[PDB]
Amino acid sequence: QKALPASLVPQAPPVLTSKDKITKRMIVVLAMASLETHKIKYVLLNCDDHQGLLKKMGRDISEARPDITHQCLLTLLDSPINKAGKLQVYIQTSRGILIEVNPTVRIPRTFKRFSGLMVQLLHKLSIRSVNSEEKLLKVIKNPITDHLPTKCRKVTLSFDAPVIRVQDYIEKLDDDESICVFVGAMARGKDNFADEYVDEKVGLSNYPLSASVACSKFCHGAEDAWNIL
Amino acid sequence: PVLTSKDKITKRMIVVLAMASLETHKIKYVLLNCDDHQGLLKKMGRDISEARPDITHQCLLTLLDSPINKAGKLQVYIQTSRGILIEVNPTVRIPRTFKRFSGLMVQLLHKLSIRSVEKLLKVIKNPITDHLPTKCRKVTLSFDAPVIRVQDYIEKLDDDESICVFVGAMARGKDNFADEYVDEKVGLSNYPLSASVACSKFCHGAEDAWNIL
Amino acid sequence: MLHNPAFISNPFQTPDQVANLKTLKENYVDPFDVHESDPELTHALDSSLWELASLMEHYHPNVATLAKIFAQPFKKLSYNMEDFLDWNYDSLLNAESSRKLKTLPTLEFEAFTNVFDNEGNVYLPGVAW
Amino acid sequence: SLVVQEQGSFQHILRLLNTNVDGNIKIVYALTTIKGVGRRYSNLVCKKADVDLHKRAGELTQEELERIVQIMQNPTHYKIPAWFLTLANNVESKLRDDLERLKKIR
Amino acid sequence: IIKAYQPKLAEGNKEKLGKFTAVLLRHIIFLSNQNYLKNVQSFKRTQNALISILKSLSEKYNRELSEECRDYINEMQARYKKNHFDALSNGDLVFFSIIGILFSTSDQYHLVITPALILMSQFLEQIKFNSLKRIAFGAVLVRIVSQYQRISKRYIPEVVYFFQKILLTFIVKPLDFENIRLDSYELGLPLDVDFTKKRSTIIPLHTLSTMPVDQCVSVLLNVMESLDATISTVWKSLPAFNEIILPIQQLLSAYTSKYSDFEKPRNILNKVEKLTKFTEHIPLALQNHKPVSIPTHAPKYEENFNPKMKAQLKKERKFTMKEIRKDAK
Amino acid sequence: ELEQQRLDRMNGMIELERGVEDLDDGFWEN
Amino acid sequence: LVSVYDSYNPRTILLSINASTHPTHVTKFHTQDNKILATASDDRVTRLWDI
Amino acid sequence: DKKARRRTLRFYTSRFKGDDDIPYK
RNA sequence: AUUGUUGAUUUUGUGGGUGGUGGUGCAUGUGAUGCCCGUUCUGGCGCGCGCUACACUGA
């Protein structure tokens, strides 16, 4: 009985940004990301490519893997939820640098070119499109709490925490709100990087999960919960 | 228990990464890459677009690290574009970095088996059907096919039967690589899906369907 | 008229919704009246354009492509009528001869013994020399 | 029931000089989009064509678009005023020689 | 001639045989025009034999045949502009039949089929079909187009238009069909006809030149049989099947009422009723489009990120000026 | 092989391997 | 879009409301009550808005 | 009549997917 | 015919089989072995000041 919309042409949903706080959205914060640049040309320090320089720097090379952050971004951006324009990704570098990842970005799939992109971003503070029509990656002011939606539920991925069904958790949760997931891209460490911001801690599976699989597993649950398909 | 091709009775989620672009080239034999070796592949004449083992690498990480694999209910097969079939032991923990993965593939392709001191990675004789379970459902991931819910598809499927999925690790190509083996092809979402995401999504249905958790 | 959203099936729709959708399909009847002379009372707005659906299977290729537009999004603001109004059978044949793209002629692998039926394989059953 | 506007409907898009101009934009700044046509030039052309500048590009009638095209294609015929329409390497080598001399001094 | 001029024997024989393929086709059409009722058996032995030879030639010289085939279509069209049906002859029916043999009819676009299919559809509509000879010409044409679309099963609107008038033409109006435009009301079949005798439904080509009630009945049966096949194959699949068959259903109903003994319309009518029962006529929904994803852009960056000459000249002047000034001090 | 080519030609595959949509450019305009 | 302006002050737009995607042909202020505004659209729903 | 309205209507007339990588250089 | 004088070695037209001084392992060299699939030159900034913008409180 309801009259049809005047225009039925499928239109891309709006690109979510930090400025808009009202829309229900999924935030995924890739905390403890190990991204740091150093002159040899500046190269994103890698656990395998460079061990001596990190030893000379004195930081343990175990926590010197930008690959994990690369893999998490690949699965997060390629998930259908991002295609529906309901997911914006943040990265908190271990040093303390916060990076806003525009959902429109198409990061290079190979790791070598990804490193070339990061060194550009960390020094130039922004990455512009090839056709130059918006900033894809931009550094922003800490703390992350300001940039998150005004009404938002905060959680972080903990193995010790109780196991939950992600689809059920999102369903019981309110609607005007938004869900923020703190994922630890660190290879190994104490799950307290986001204790100051987060209000409670949850577990997704009984077995240990990688950063990449854990975020993708959480995204698919939101996709079913909101019927993103 | 660690599932194996010999055992056929157990229900399992089989994944076949068809059109895997794993190739060794010697100027020493090194895995071909779209970026590192562009002139060398041009001399070989193969298009550099379909020279990406990284796609096969990424899919292995999410597949092997998925909770279903930890529960011993998943086994992976890789069909190289060259025509080589590889069995991936569920217990293997492939190297996370791509470079260390490339060095493993050249070892596997030339030595035909990787052993720890059961072969973790072993090349096997085609066709895949002999290796696949006797009672098994076969499907391919097709963008044009109707969209389905993986949870609904697995639950309606029989219990003794197993499900085999043919994921196209190729960057771009026609989805007929497994038409002759498969019986029906399904779409997983309206939007186009990457190989890594699609196998991850199909797995996620598996744990929820079978309550692996 | 081109599409009724109520009859579309969604994968997420619950089984009860599936049952309700099935009943709606079984009960449908076309309400368009062809003999009514008042255009406002013909109930055409409640009917649908099945006739346009058939035309995408038209033998001529280009005519089929035009009919496919109703299956495509309505991006174009309008179509210039003067470019389509006065076409004739002669124009189609002449336009067909003066085709921008020239293709290779193909051949039929199937073989027929006799072109016309008698009074093995016959191409035109029911026609005789 | 039968009402037909002689002036015609609002035109959302228009084609002038092989260029697509949006109807919603004002005539002067819609014609600015044409290459070689600026704000001042478009304003002068509209003034010559006797088109009310408050109109949107859609509101324009056919005769006025013909007139605008005629203004633009034949400006002189309509009295549009005309005003409207190795050594450095040697210097670098000399500077290099100066620096070499100065280094020789120290 | 083919043996005497094979490609291997001498240079240029390919071109000569290529032209001979075109010449051979005109001969096959030419013979059909000539009267052959005297020696139908002899003509049958020569006409099919020549066609078999043409098929072998067409395998190697389809290009020369393709050019000649298109030329015939244009020539025949030109003759139709002036003489209308008088231009049409038996060979023209034969020519369309040969094209089906030597070319792939079930193609969306083709050099020879598409002009031919368009030209045949023009005859099915433009021609008056006001005489038994003309209707018999139409009955053959309907069979040709049906075999052209034997696999493609595309929808030909003229086939619908042809069936409506011809079926009505033999019942002349009943005053219930004013939407169908007839061209001859004097061909109405008499009532005393039996429709129970076993009459051949095959239309011989040679009879058309000669062209009473028995011939009229035979033509009607052949057209009616072709209608039955079309309903079963093409119209059944189409979404608008009920709309296409509704006028024909009324016409067939009149036949049964007027001739109770006549069985073909009842079998078709029973068949048509069966199809309408199973088919579910649901509102078509074609505008359900897949959602469009958010745009994607590739990032812009330098592969080796680094932290005209007049500027470099200016740049070095600064260093030298500073580096001179200290010396003066 | 032959039947597969026939199916492709049926669905709009044109051997110059173009498509029927390509032939429909500028046909109606002129 | 239904646009509410101050009379004799064209520049400022006191209130703007998107009644529907279809055209809004009729917009009238309710005579006794100043706050409520009525809008009619080709959507065939005559929505009653309040400022 | 076609020519007259033909003249008037002249004025009237007016993506990475899946695993595709960004262009090389 | 053709070669570079020479004498049927070639040349032309139409058809047309061939992966082969190919690798790599296996079995006491052999195997209708498994597995896949060149030549010669010519070039090669760090630390600091000041000012203007990123609009409607505006052009």
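Structure's up top.
The rules behind the values
- Residues numbered from 1 in each chain as written, not as in the entry; some residues may be left out.
- Chains lettered and ligands numbered in written order.
- Part of a larger assembly, values for the part shown.
- Heavy atoms only, no water.
- Helix = DSSP H or I, 4+ residues; strand = E, 2+ residues; numbered from the N terminus.
- Rg over C-alpha atoms; globule rule 2.2 N^0.38 Å.
- Buried < 20%, exposed > 50% of the residue type's maximum accessible area, 1.4 Å probe, protein only.
- Areas by Shrake-Rupley, 256 points an atom, 1.4 Å probe, with all protein chains shown as cover.
- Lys, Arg positive; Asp, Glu negative; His and termini not counted.
- Charge placed at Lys NZ, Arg CZ, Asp CG, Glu CD.
- Core = buried A, V, L, I, M, F, W, Y, C linked by side-chain atoms within 4.5 Å.
- Contact = heavy atoms within 4.5 Å.
- Buried area = accessible area lost by both parts, 1.4 Å probe.
- Salt bridge = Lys/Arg side-chain N within 4 Å of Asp/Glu carboxyl O.
- Polar contact = N/O pair within 3.5 Å; in protein donor to acceptor, adjacent residues only side chain to side chain.
- Pairing = 2+ DSSP bridges.
- Axes fitted to C-alpha atoms, helices over the stretch in contact; angles between N-to-C directions.
- Expected span 1.5 Å × (residues − 1).
- Patch = residues over 30% accessible without salt bridge, like charges linked within 9 Å, V, L, I, M, F, W, Y side chains within 5 Å.
- Near = heavy atom within 4 Å.
- Nonpolar A, V, L, I, M, F, W, Y, C, P; charged D, E, K, R; others polar.
- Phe/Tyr/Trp six-rings, centres within 6.5 Å; stacked < 30°, edge-to-face > 60°.
- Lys NZ or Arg CZ within 6 Å of the ring centre and 35° of its normal.
- Left-handed = near helix turned anticlockwise from the far one by under 90°.

Some remarks on the overall build of chain E
Then, number 1: Summing up its helical and strand segments, chain E has 12 helices and 2 strands in all.
Then, number 2: Since a compact globule built from 329 residues should have a radius of gyration of about 20 Å, the 33 Å found for chain E marks it as more spread out than a globular shape.
Then, number 3: The C-alpha extent of chain E, read off along each of the three principal axes, is 135 × 65 × 35 Å.
Then, number 4: Taken over 329 residues, chain E has a buried fraction of 51%.
Then, number 5: Total accessible area on chain E is roughly 16,400 Å²; 51% of this is exposed by carbon and sulfur atoms.
Then, number 6: Treating the 48 positive side-chain charges of chain E as one cloud and the 32 negative ones as another, the clouds have centres 8 Å apart.

So, the nonpolar core
Then, number 1: Formed by 117 residues in total, the largest nonpolar core has its most connected members in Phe96 and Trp235 of chain E.
Then, number 2: Each residue touching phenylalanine 96 of chain E, except ones within four places of it in the same chain, is listed here: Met76, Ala116, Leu119, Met120, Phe123, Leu141, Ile144 and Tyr148 of chain E.
Then, number 3: With 56 residues, the next largest nonpolar core counts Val89, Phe111, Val181 and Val213 of chain A among its residues.

Digging into the interface of chain E and chain C
Then, number 1: Taken together, the contact between chain E and chain C spans 71 residues of the former and 52 residues of the latter.
Then, number 2: In total, about 5,800 Å² of surface goes out of reach between chain E and chain C, with carbon and sulfur atoms giving 64% of it.
Then, number 3: Between the two partners, chain E and chain C, sit 3 salt bridges.
Then, number 4: The salt bridge involving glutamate 110 of chain C is made with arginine 150 of chain E; its shortest N-O contact spans 2.4 Å.
Then, number 5: Counting across the interface, chain E meets chain C through 18 residue pairs in polar contact.
Then, number 6: Contributing elements (two or more residues each) for the side of chain E that touches chain C: α2 (40–60), α3 (62–83), α4 (90–102), α5 (113–126), α6 (132–148), α7 (157–169), β1 (203–204) and α8 (205–210) of chain E.

Comments concerning the sheet that holds strand β4 (residues 87–93) of chain A
Then, number 1: With mixed pairing, the 8 strands of this open sheet are ordered in space as β8(A)-β9(A)-β1(A)-β4(A)-β5(A)-β7(A)-β6(A)-β2(E). The two strands at the open ends of the sheet, each matched to only one other strand, are β8 (153–156) of chain A together with β2 (299–300) of chain E.
Then, number 2: Two strands pair when backbone bridges link them, and strand β1 (residues 26–33) of chain A and strand β9 (residues 179–184) of chain A are joined in this way by 6 bridges, in the parallel orientation. Across the sheet, the residue bridging to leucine 30 of chain A is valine 183 of chain A, located in β9 of chain A.

Considerations on the arrangement of the chains
Then, number 1: Counting contacts across all 16 pairs of chains that touch, the top pair turns out to be chains C and E.
Then, number 2: Between chain B and chain D there is no contact, and the shortest C-alpha to C-alpha distance separating them is 32 Å.

A closer look at the sheet that holds strand β5 (residues 46–50) of chain G
All names here are of chain G.
Then, number 1: Read from one edge of the open sheet, 3 strands run β3-β4-β5, paired in antiparallel fashion. The strands lining the two open edges of the sheet, one partner per strand, are β3 (24–29) and β5. Averaged over all adjacent pairs, the angle separating strand axes in this sheet is 20°, with direction ignored.
Then, number 2: Relative to strand β4 (residues 36–41), β3 runs antiparallel, the two being bridged by 5 bridges. Looking across to β4, one finds that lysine 28 is bridged to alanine 38.

What to know about the interface of chain G and chain A
Then, number 1: Of the residues lining the interface, 4 residues belong to chain G; the matching set on chain A comes to 5 residues.
Then, number 2: In total, chain G and chain A occlude about 330 Å² of area from one another, counting both sides; carbon and sulfur atoms represent 48% of this.
Then, number 3: For the interface between chain G and chain A, the tally reads 0 salt bridges.
Then, number 4: At the junction of chain G with chain A, the criterion picks out 1 residue pair in polar contact.

With respect to the side chain of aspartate 191 of chain A
Then, number 1: Within the secondary structure, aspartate 191 of chain A sits in the loop between β9 and α7 (211–225).
Then, number 2: Once you skip the residues sitting within four places of it in the chain, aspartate 191 of chain A turns out to touch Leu157, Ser158, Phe159, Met186 and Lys201 of chain A.

What to know about helix α2 (residues 53–65) of chain B
Then, number 1: An ideal rise of 1.5 Å per residue puts 18 Å on 13 residues; α2 of chain B measures up with 18 Å between its terminal C-alpha atoms.
Then, number 2: Taking burial as the measure, the 13 residues of α2 of chain B include 13 buried ones, the bulk of the element.

Considering a negative patch on the surface
Then, number 1: Residues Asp33, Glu36, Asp38 and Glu40 of chain C make up a contiguous surface patch of negative charge.
Then, number 2: We classify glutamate 40 of chain C as exposed; its relative accessible area is 62%.

Observations regarding the protein's contact with RNA strand I
Then, number 1: For RNA strand I, the full set of nearby residues is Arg82 of chain B together with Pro7, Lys8, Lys14 and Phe319 of chain E.
Then, number 2: Put simply, 77% of the atoms of RNA strand I that lie within 4 Å of the protein are in sugar or phosphate.
Then, number 3: One of the backbone N or O atoms of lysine 8 of chain E is found 3.0 Å from a base nitrogen in RNA strand I.
Then, number 4: In terms of residue class, the surface near RNA strand I is made up of 2 nonpolar, no polar and 3 charged.

A look at the packing of aromatic side chains
Then, number 1: Under the criterion given, the structure shown has 30 aromatic pairs over all chains.
Then, number 2: Taking 6.0 Å as the distance between ring centres and 85° as the angle between the ring planes, the aromatic pair formed by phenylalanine 163 of chain E and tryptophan 235 of chain E counts as edge-to-face. A single burial state applies to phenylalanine 163 of chain E and to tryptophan 235 of chain E, both of which are buried.
Then, number 3: Across the ring face of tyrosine 153 of chain B, the terminal group of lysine 156 of chain B is positioned such that the distance to the ring centre comes to 3.9 Å.
Then, number 4: Directly above the ring of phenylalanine 278 of chain E sits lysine 277 of chain E, whose terminal nitrogen or CZ lies 3.9 Å from the centroid.

Comments concerning the pattern of salt bridges
Then, number 1: Following the criterion strictly, the structure yields 39 salt bridges over all chains and no others.
Then, number 2: With a closest N to O distance of 2.5 Å, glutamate 23 of chain B and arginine 46 of chain B form a salt bridge.
Then, number 3: Assessed through its relative accessible area of 16%, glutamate 23 of chain B is described here as buried.
Then, number 4: In this structure, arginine 96 of chain B and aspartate 65 of chain B form a salt bridge, with 3.4 Å as the shortest nitrogen-oxygen distance. Remark: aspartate 65 of chain B occurs in helix α2 and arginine 96 of chain B occurs in the loop between β5 (85–88) and α4 (98–111); sequence separation between them is 31 residues.
Then, number 5: Residue classification places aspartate 65 of chain B among the buried residues on the basis of a relative accessible area of 11%.
Then, number 6: Salt bridges sharing partners connect three or more residues here, namely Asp78 and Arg109 of chain A together with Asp19 of chain H.

Describing the pairing of strand β7 (residues 135–140) of chain A
Residue and element names in this part refer to chain A.
Then, number 1: Here 4 bridges tie strand β5 (residues 98–101) to β7, and the two strands are oriented antiparallel to one another. Bridging across to β7, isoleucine 99 finds its partner in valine 139.
Then, number 2: The pairing of strand β6 (residues 126–129) with β7 spans 3 bridges and is antiparallel. The residue of β7 that forms the bridge with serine 126 is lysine 138.

Some details on the packing of α5 of chain E against α6 of chain E
All names here are of chain E.
Then, number 1: As a packed pair, α5 and α6 sit with axes 10 Å apart at the nearest point and diverge in direction by 145°. The hand of the α5/α6 crossing is left-handed. Between α5 and α6, the residues in contact are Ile113, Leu117, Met120, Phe123 and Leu124 and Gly138, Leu141, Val142, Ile144, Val145 and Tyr148, respectively.
Then, number 2: Residues of the contact of α5 with α6, tallied by class, amount to 10 nonpolar, 1 polar and no charged.

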